[PDB]
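Participant: Pasting in a structure now, in structure tokens, and then I'll have a few things to ask.
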Amino acid sequence: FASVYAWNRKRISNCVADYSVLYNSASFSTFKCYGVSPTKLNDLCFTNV
Amino acid sequence: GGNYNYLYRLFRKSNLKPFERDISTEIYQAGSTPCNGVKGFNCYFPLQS
């Protein structure tokens, strides 16, 4: 991974993304969602990530 | 110093019927991992100040 003043920025578009597998992973120390509840990402969706 | 006697519930299984009050303070199975009375991971207390 890169540094904090040179953080890596990635664009995601035109694919199906399964957030359930990441949400069920226990290796993440912190998993905080502010705008929306983590449960309902698989229902609503946007045009870019 | 910050008062914390004022609580609100953020996690619930479903919505509320009109004119209904719920005071059930029980751990919520946020993720696929069962809680079994222990928060651990993927379980959080519904109420916070």
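To be explicit about the labels: the chains of the structure tokens are called A, B, and onward in the order shown, and within each one the residues are counted from 1, while ligands get numbers from 1 in the order they are shown.
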What residues in chain B get the DSSP label strand (DSSP E or B)? Please answer as a PyMOL selection string.

Facilitator: chain B and resi 8-9+28-29+43-44+47-48

Participant: Quick one: residues within 8 Å of residue 34 in chain B, only C-alpha atoms, excluding same-chain residues fewer than 4 positions away - as an mmCIF file with C-alpha atoms, in the first residue's frame?

Facilitator:
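Generated file (part35.cif):
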data_model
loop_
_atom_site.group_PDB
_atom_site.id
_atom_site.type_symbol
_atom_site.label_atom_id
_atom_site.label_comp_id
_atom_site.auth_asym_id
_atom_site.auth_seq_id
_atom_site.Cartn_x
_atom_site.Cartn_y
_atom_site.Cartn_z
ATOM 1 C CA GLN B 29 -27.055 -9.921 15.491
ATOM 2 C CA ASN B 42 -20.924 -8.394 14.297
ATOM 3 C CA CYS B 43 -23.011 -7.640 17.404
#

Participant: Pull out every residue of chain A that has at least one atom within 8 Å of chain B, counting only C-alpha atoms, and report them as a PyMOL selection string.

Facilitator: chain A and resi 23-24+26

Participant: Can I get the selected residues back with C-alpha atoms, as a short mmCIF file (atom, residue, chain, number, x, y, z; two decimals), in the first residue's frame?

Facilitator:
data_model
loop_
_atom_site.label_atom_id
_atom_site.label_comp_id
_atom_site.auth_asym_id
_atom_site.auth_seq_id
_atom_site.Cartn_x
_atom_site.Cartn_y
_atom_site.Cartn_z
CA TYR A 23 -18.96 -7.54 5.65
CA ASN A 24 -18.85 -11.10 7.00
CA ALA A 26 -13.70 -10.89 10.68
#

Participant: Report the distance between CA of residue 8 in chain A and CA of residue 42 in chain A in Å, rounded to one decimal place.

Facilitator: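 About the pair CA of residue 8 in chain A and CA of residue 42 in chain A: they are 25.1 Å apart.
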
Participant: Can you tell me, as number ranges by chain, what residues are no more than 8 Å from residue 48 in chain B when counting only C-alpha atoms, ignoring any on the same chain fewer than 6 positions away?

Facilitator: B: 7-10

Participant: Going by DSSP on the backbone, which residues of chain A come out as alpha helix (DSSP H)? List them as a list in words.

Facilitator: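 Across chain A, those assigned alpha helix (DSSP H) are residues 19, 20, 21, 22, 23 and 24 of chain A.
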
Participant: Excluding residue 14 in chain A and residues on its chain fewer than 4 positions from it, collect all residues at most 12 Å away from it, counting only C-alpha atoms, and give them as an MDAnalysis selection string.

Facilitator: chainID A and resid 45:49

Participant: May I ask for the distance between CA of residue 38 in chain B and CA of residue 25 in chain B, given in Å to one decimal place?

Facilitator: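 We find that CA of residue 38 in chain B and CA of residue 25 in chain B lie 13.4 Å from each other.
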
Participant: Grab the CA of residue 12 in chain B to CA of residue 28 in chain B distance for me, in Å with one decimal place.

Facilitator: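 Separating CA of residue 12 in chain B from CA of residue 28 in chain B is a distance of 7.3 Å.
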